[PDB]
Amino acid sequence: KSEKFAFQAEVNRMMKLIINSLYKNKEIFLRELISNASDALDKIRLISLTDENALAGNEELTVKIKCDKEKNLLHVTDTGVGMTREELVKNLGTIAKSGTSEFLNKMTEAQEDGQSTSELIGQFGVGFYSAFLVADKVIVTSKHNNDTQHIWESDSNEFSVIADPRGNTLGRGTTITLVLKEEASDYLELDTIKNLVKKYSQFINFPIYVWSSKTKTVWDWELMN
């Protein structure tokens, strides 16, 4: 039902490099989660060219962001390809792609030579770990067409993966839930999050929404572009 894992050594080192690189630009974490969601949406859209039923578990192709100020949570949900249990373990817990190894060598060279590094993080798609700049715990709930829904969770010191006891609630796709640091509570504010989401989202080929209020209060999904 449940299983605990240590991170691969190189992933611990990569996390520290990323955190050091972006320590004074922490808002880039949201750029990278949005970019990752965009990639996951691109992937299932490409898969849909080859598999007529690829979207049958969730017909939308969106990114949806919600702030839960009362629970201290930020959620970034996409209806992209999702991850199987094995992918949650390998993709987040190990150096899974050859590009990740290249990123590490290029990152170390740049950081010792004074070349800019945030572009490298974005280029190699390794920005997931920058979520630990703002979060004490990162939770990934994911549903892939080839597996049941699973939850990955980590405070950076280990991670675990469990089958989701709620069953298939996503249909298809992934939620990144951040348990924010006390110092990061501004990311629970709708005005902060709407501005950042609007930044960072002008290049995605999918609509991105924020759950927002008007105020008498009506809540709905606000398209950010």
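Between two forms, the rigid core is defined as the largest C-alpha subset superposing within 1.5 Å. Numbering starts at 1 and follows the sequence shown.
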query: Comparing C-alpha positions in 9 other deposited structures of this protein against this form, with the rigid core used for the fit, which stretch differs more, 196-204 or 31-39?
result: 196-204
task: Could you tell me which of the two stretches, 87-95 or 68-76, has its Cα atoms lying farther from the shown structure in 9 other deposited structures of this protein after fitting on the rigid core?
output: 87-95
task: Compare the other PDB entries of this protein and indicate whether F103 is left unmodelled in at least a third of them.
output: yes
Other compared entries missing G125, a third or more: no
- prompt: Looking at the deposited sequence, how many residues between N205 and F206 were given no coordinates in the entry: none, 1 to 3, 4 to 9, or 10 or more?
  reply: none
query: On average, are the C-alpha B-factors higher in 180-188 or in 153-161?
result: 180-188
- request: Can you let me know which of the two, 56-64 or 169-177, has the higher average C-alpha B-factor in the entry?
  value: 56-64
task: Choose from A96, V81, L120, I139 the residue with the greatest Cα B-factor as stated in the PDB record.
output: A96
- line: Of the residues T148, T77, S130, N105, the one whose Cα carries the largest B-factor in the deposited record is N105
task: Using the B-factor values recorded in the entry, state whether the Cα atom of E87 falls in the lowest, middle or highest third among the modelled residues of its chain.
output: lowest
- prompt: By the record's CA B-factor, is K69 among the lowest, middle or highest third of residues in the chain?
  reply: highest
- prompt: Compared with the other modelled residues in the chain, in which third is the CA B-factor of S38?
  reply: middle
Cα B factor band for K16 (lowest, middle or highest third within the chain): lowest
- request: Among all modelled residues of this chain, ranked by Cα B factor, put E32 in the bottom, middle or top third, i.e. lowest, middle or highest.
  value: lowest
